[PDB]
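So the sequences go chain by chain: N and K.
Sequential numbering of the first sequence, starting at 6, is according to the authors' numbering.
Sequential numbering of the second sequence, starting at 6, is according to the authors' numbering.
Note that CB positions come from ideal geometry on N, CA and C, so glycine has one too.
Here is the structure we will look at.
Protein chains: 2
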Amino acid sequence: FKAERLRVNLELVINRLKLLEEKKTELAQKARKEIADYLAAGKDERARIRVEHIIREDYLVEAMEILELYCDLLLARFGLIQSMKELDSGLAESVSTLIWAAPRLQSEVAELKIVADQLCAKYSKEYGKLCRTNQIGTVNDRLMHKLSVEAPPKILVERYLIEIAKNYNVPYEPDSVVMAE
Amino acid sequence: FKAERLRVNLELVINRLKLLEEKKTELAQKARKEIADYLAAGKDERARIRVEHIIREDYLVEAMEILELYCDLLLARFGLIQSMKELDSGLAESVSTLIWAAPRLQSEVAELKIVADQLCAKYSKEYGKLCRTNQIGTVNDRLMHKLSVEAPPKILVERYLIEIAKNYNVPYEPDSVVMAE
Numbered sequence: 006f007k008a009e010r011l012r013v014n015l016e017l018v019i020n021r022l023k024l025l026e027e028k029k030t031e032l033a034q035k036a037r038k039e040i041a042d043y044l045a046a047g048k049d050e051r052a053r054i055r056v057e058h059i060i061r062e063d064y065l066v067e068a069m070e071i072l073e074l075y076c077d078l079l080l081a082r083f084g085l086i087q088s089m090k091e092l093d094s095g096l097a098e099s100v101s102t103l104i105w106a107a108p109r110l111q112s113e114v115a116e117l118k119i120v121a122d123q124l125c126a127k128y129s130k131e132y133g134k135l136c137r138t139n140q141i142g143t144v145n146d147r148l149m150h151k152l153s154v155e156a157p158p159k160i161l162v163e164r165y166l167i168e169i170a171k172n173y174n175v176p177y178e179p180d181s182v183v184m185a186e
Numbered sequence: 006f007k008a009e010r011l012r013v014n015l016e017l018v019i020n021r022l023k024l025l026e027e028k029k030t031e032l033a034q035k036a037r038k039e040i041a042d043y044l045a046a047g048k049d050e051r052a053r054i055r056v057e058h059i060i061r062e063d064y065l066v067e068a069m070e071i072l073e074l075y076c077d078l079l080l081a082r083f084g085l086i087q088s089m090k091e092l093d094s095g096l097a098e099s100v101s102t103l104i105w106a107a108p109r110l111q112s113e114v115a116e117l118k119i120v121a122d123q124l125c126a127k128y129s130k131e132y133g134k135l136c137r138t139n140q141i142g143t144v145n146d147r148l149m150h151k152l153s154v155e156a157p158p159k160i161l162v163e164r165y166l167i168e169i170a171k172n173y174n175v176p177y178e179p180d181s182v183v184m185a186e
């Protein structure tokens, strides 16, 4: 298969990973001053949704870094496992997590479309329609938490609002039922 | 991280600390003659608000000197703790007080923005959003008093007015309920 198209794809993935990380950092700083505005100005719940979007983004940041490590370590053993024909256990975790998150990351990046195709084009043993679904069970559970879509515990969203109000110097009063939870 | 940008930042912090200390001293002398005017001229309560601003400033002066000692002692062990990766107990008090007062001092100085970022960039153990909030509990309580925003006891504001009237030779009569308090 097109393994150097795959490789330069990965390189662009890494480049855009860095770029998107940086851009989202920038706008996240602006948005944190903005959240200081919303919290300072009335609807802390509006700021609560804003910071929900932000903590979502931060889950994405952490997941981005984890998978950046994964694509880079897979890139290390390009020719080596390319000599092989099945995936090894040393890369089974990375491959499983990547295969699992790839559909979640299909939209975020178009290179990864080809990266996943070439992955599945690379293997059939524990690879394919369901065989890939069988081998993908070794996905990183930590990334899974960093890729879980949920409301954080309102004690923790309150703590994010508290540490924001700390860092950004607004008055925040958590809901004591949740501030105790 | 940018630890020499941090270092020259600290140097500018110290320079402006000295400069602002000197400037506020100068204008405070002028303002003390001015307070002698207001006390001499009618509204001692107007002078009372003026000297409230001044004693506030003096709390800032004392806090400035304390933290000047703190930044300089941290500067002593720049490379040493830089070799380390977590903060030591020998600097835990200074770091906690600095981290705690930094948001209060965010506005006073723009270098300290970076100084706090690099601080948090220096550590994660008892550092971060709430971990830094956890480790900051070792702040100087004396500085905390020198950084507490409160009305002094009116026996003491009366004593400041009395010792001003002493030094500046105006007639001051404290409110005997407070002059006894």
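Sort the options by Cα distance to residue i and report the nearest one.
i: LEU161/K; options: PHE83/K, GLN123/K and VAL56/K; result: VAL56/K
i: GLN140/N; options: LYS159/N, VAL100/N and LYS171/N; result: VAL100/N
i: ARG51/N; options: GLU62/N, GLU39/N and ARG137/N; result: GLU39/N
i: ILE167/K; options: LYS159/K, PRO158/K and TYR177/K; result: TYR177/K
i: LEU72/K; options: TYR173/K, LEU96/K and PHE6/K; result: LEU96/K
i: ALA8/N; options: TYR173/N, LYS171/N, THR138/N and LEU85/N; result: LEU85/N
i: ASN174/N; options: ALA33/N, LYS35/N, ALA156/N and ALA41/N; result: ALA41/N
i: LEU22/N; options: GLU98/N, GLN87/N and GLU116/N; result: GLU116/N
i: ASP122/K; options: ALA156/N, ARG61/N, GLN34/N and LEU15/N; result: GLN34/N
i: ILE54/K; options: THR138/K, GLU155/K and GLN87/K; result: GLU155/K
i: residue 3/N; options: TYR75/N, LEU74/N, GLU186/N and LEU24/N; result: It is not possible to answer for residue 3/N, since the shown part of chain N is limited to 6 through 186.
i: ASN172/N; options: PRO157/K, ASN172/K and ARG137/K; result: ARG137/K
Pop quiz: residue i and residue j are said to be a contact at Cβ under 8 angstroms. What is the actual Cβ separation, rounded to whole angstroms?
i: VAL120/N; j: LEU17/N; result: Between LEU17/N and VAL120/N the Cβ distance is about 10 angstroms, and since that is not below 8 angstroms, they are no contact.
i: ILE169/N; j: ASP77/N; result: Incorrect: roughly 33 angstroms between the Cβ atoms, too far for contact.
i: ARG37/N; j: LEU135/K; result: Contact doesn't hold; Cβ gap of about 16 angstroms is too wide.
i: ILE59/N; j: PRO157/N; result: Their Cβ separation, rounded to whole angstroms, is 11 angstroms, which puts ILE59/N and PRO157/N out of contact at 8 angstroms.
Return yes when at least one heavy atom of the ligand MG lies under 8 angstroms from the C-beta of residue i, else no.
i: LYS130/N; result: As presented, the structure is devoid of all ligands, the ligand MG included, so that no description of it is given.
Is residue i close to chain A, meaning its C-beta is less than 9 angstroms from at least one C-beta of that chain?
i: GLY84/N; result: Going by chain labels, chain A is absent from the structure shown, which instead holds the protein chains N and K.
Open item on the list: Can you pull out the residues from the segment 148 to 163 of chain K whose beta carbon lies closer than 8 angstroms to at least one beta carbon of chain N?
Closed with: none
- [ ] Could you tell me which uninterrupted alpha helix (DSSP H) segments, each at least 4 residues in length, are contained entirely in the segment 106 to 151 of chain N, listed from first to last along the chain?
- [x] 116 to 127, 136 to 140 and 146 to 151
- [ ] Could you please tell me which residues of the segment 111 to 140 of chain K, in chain order, have their CB closer than 7 angstroms to any CB of chain N?
- [x] When CB distances to chain N are screened at a threshold of 7 angstroms, the residues of the segment 111 to 140 of chain K falling below it are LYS134, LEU135 and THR138, in chain order.
- [ ] Check distances from the C-beta atoms of the segment 162 to 180 of chain N to those of chain K and list, in chain order, the residues that come in under 9 angstroms.
- [x] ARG164, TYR165, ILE167, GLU168, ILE169, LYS171, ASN172, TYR173 and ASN174
Open item on the list: Under 8 angstroms, with one C-beta from each stretch per pair, do the segment 44 to 51 of chain N and the segment 146 to 156 of chain N reach the 3-pair mark?
Closed with: By the Cβ test, the segment 44 to 51 of chain N is not in contact with the segment 146 to 156 of chain N, since fewer than three Cβ pairs between them sit closer than 8 angstroms.
Task: the segment 20 to 39 of chain N in contact with the segment 57 to 67 of chain N per 3-pair CB rule at 8 angstroms - done: yes
Open item on the list: Counting beta carbon pairs with one atom in the segment 120 to 138 of chain K and one in the segment 86 to 100 of chain K, are three or more of them shorter than 8 angstroms?
Closed with: yes
Task: the segment 101 to 121 of chain K in contact with the segment 137 to 145 of chain K per 3-pair CB rule at 8 angstroms - done: By the Cβ test, the segment 101 to 121 of chain K is in contact with the segment 137 to 145 of chain K, since at least three Cβ pairs between them sit closer than 8 angstroms.
TODO: May I ask you to verify whether the segment 178 to 185 of chain K touches the segment 109 to 118 of chain K, counting CB pairs closer than 8 angstroms and requiring at least 3?
DONE: no
Task: Ordered list of alpha helix (DSSP H) runs contained in the segment 14 to 53 of chain K, each at least 4 residues - done: none
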